[PDB]
Amino acid sequence: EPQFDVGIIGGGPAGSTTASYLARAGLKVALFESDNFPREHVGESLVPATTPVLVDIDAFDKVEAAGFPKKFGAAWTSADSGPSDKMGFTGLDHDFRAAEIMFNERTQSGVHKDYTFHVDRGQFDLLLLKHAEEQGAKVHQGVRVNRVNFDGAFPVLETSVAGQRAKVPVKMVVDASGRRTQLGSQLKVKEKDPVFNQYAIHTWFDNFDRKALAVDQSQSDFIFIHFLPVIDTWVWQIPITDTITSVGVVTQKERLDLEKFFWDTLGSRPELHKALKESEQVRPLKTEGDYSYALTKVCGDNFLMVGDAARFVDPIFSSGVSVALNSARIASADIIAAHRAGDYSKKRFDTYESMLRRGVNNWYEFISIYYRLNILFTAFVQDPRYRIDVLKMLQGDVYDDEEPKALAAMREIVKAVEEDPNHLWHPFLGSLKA
Ligand SMILES: Cc1cc2nc3c(=O)[nH]c(=O)nc-3n(C[C@H](O)[C@H](O)[C@H](O)COP(=O)(O)OP(=O)(O)OC[C@H]3O[C@@H](n4cnc5c(N)ncnc54)[C@H](O)[C@@H]3O)c2cc1C
């Protein structure tokens with residue numbers, strides 16, 4: 001039998017977190033990362049559901065010590081003021097133009113702080129990858145996994161070392177290759193979402209004064225997500241340091257030169273546009289895929305996928321890294337139990353498969369509602385009857401519940417509205433549907 005219990009493809013948040021859980025449990029873990037860290041990567045704003053996982057693997061203190069900007073909350077704004085009839089919803093202080101939350105408004109199990117972080121992902125992924133090594137994981141960088149061979153009793157990772165093929169047998173493979181979906185693509189189980197086909201254009205700016213433009217100065221270090229309903233396009237502002245800010249524009253592929261589209265979109269708000277033009281652009285505009293997909297298989301005999309390698313959803317709720325960390329957590333529990341049973345057949349991962357489906361279905365449905373009736377999202381966040389149940393989702397706490405209270409409530413309102421073209425809210429239904 002192979003020396004190594006588990007071979008991990010990729011050393012981003014999902015891969016490094018998996019390595020840390022498994023190494024801490026005493027399994028022999030080999031991890032292979034194609035790049036050398038640090039390397040640039042989008043996806044910077046965390047939610048607090050990352051916290052219990054960072055504490056589990058004892059990485060929270062290092063992350064806190066690194067000096068990433070603290071994130072106490074989030075704001076979602078829209079260009080649409082919405083209907084005059086608020087239908088009994090309260091807390092809409094700016095019509096339907098603005099919703100805002102602080103994470104500390106709801107007590108979250110395993111979370112001991114009022115804040116999470118926004119992170120330079122180059123630095124964050126390096127920090128976590130070195131941490132995994134310190135836990136006892138065997139980490140390789142500059143070493144790509146080209147394929148997984150299933151011809152033997154145990155899977156073999158075919159890696160590439162200076163143009164040479166190095167075949168590494170392991171008992172169990174974890175694909176944590178992110179959007180590269182290394183194993184899902186090999187197995188041909190990857191299904192692109194017919195509807196969520198987003199792409200992003202984004203960069204960093206230096207010496208843009210977040211606090212100067214903020215309508216609530218105390219909130220200048222929140223993430224801000226601005227929605228443009230008419231063109232189903234969103235715009236992010238994410239703190240990177242005290243002086244650097246990440247700004248991105250996200251839109252359907254069909255709607256997509258690029259530099260001009262980026263700026264015209266930001267120009268929907270002349271003084272943000274101005275402030276950014278007058279700041280220092282510290283990186284080229286980058287355009288990348290942001291499209292949704294799901295694998296029809298996320299596990300099988302001697303393999304499973306975690307993080308983006310398993311599924312992707314539009315990160316309007318800053319969800320991705322929390323899925324990476326929590327899929328790692330849940331998958332690692334099944335792997336440790338499988339190791340204890342001396343068997344890695346598909347059934348060993350039934351719980352991981354169900355929980356991943358449940359949690360990311362919850363995100364997907366939440367995201368669907370945001371797009372389908374955005375004014376209802378705004379109302380549910382703001383109205384104190386529903387705010388806390390909605391905040392549970394926004395905190396990333398989506399693994400608890402096959403049928404979250406807020407999601408079911410919102411779902412039937414969308415239905416009621418869809419099925420009555422007389423509804424005063426009917427005209428606000430968005431074109432992006434399920
Ligand atoms: C535009 C955009 C904005 C986003 N914003 C946010 C946000 O605000 N908050 C948030 O939480 N999430 C966000 N996300 C999502 C987030 O970036 C991902 O969910 C996250 O990176 C998932 O981590 P991961 O470890 O699964 O994948 P990754 O972080 O991508 O890591 C995978 C690693 O695998 C390596 N790899 C790939 N193939 C191979 C191979 N064959 N062999 C070896 N190594 C390999 C790669 O080099 C990479 O380092 C955003 C995503 C996009 C596209």
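With ideal geometry, Cβ positions are generated from the backbone for all residues, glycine too; neighbour counts draw on all protein chains shown. None of the figures in this text is laboratory data; all of them are computed from the coordinates on show.
Descriptive notes on the structure:
- The helix-based estimate of mean residue ellipticity at 222 nm for the chain, built from -39,500 (n - 2.57) per DSSP H run of four or more residues and divided by its residue count, is -10000 deg cm²/dmol to the nearest 500.
- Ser185 paired with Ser81, simple spin-label distance in nm, labels 7 Å along Cα-to-beta-carbon: 4.8
- Within the straight-line cut-off of under 13 Å between alpha carbons, the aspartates and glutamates reachable from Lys211 are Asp221, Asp242, sequence neighbours fewer than 8 places apart in one chain being disregarded.
- Proximal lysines relative to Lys297, as straight alpha-carbon distance under 16 Å, when same-chain residues fewer than 8 apart are discounted: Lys188, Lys190, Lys192, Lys346, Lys347
- Summed residue charge, Cβ within 12 Å of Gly267's Cβ, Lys/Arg positive, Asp/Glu negative: +2
- Taking every alpha-carbon pair under 8 Å whose residues sit at least 6 apart, the range 102-249 reaches a relative contact order of 15 percent.
- Protection proxy ranking, highest mean first, for peptides 312-325, 56-69: 312-325, 56-69, where packing is the per-residue count of other beta-carbon atoms within 10 Å, averaged.
- With the highest mean first, a sort of the peptides 8-17, 22-31, 212-221 on other beta-carbon atoms found within 10 angstrom per residue produces 8-17, 22-31, 212-221.
- By the rule of a C-alpha distance below 25 Å, with chain neighbours fewer than 8 residues away ignored, the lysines paired with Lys392 are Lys70, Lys71, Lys86, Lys113, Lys405, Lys415, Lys433.
- Share of pairwise Cα separations in the chain, more than 41 Å, in percent: 16
- Burial ranking of peptide ranges 122-133, 417-428 (average Cβ count within 10 Å, highest at the top): 122-133, 417-428
- Using a Förster distance of 35 Å, the FRET efficiency for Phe150-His112 (Cβ separation, nearest 0.05): 0.25
- Cα centre as origin, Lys/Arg/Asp/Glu Cβ charges: the chain dipole, Debye: 1060
- The DSSP beta bridges internal to the chain are antiparallel in roughly 70% of cases.
- Farthest positive-ward along the chain dipole, Cα basis, beta-carbon charges - from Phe349, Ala416, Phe262: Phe349
- The range 63-134 versus the range 200-255: alpha-carbon centroid distance in Å: 13
- Relative contact order (%) - criterion: Cα under 8 Å, at least six apart; region: the range 66-180: 18
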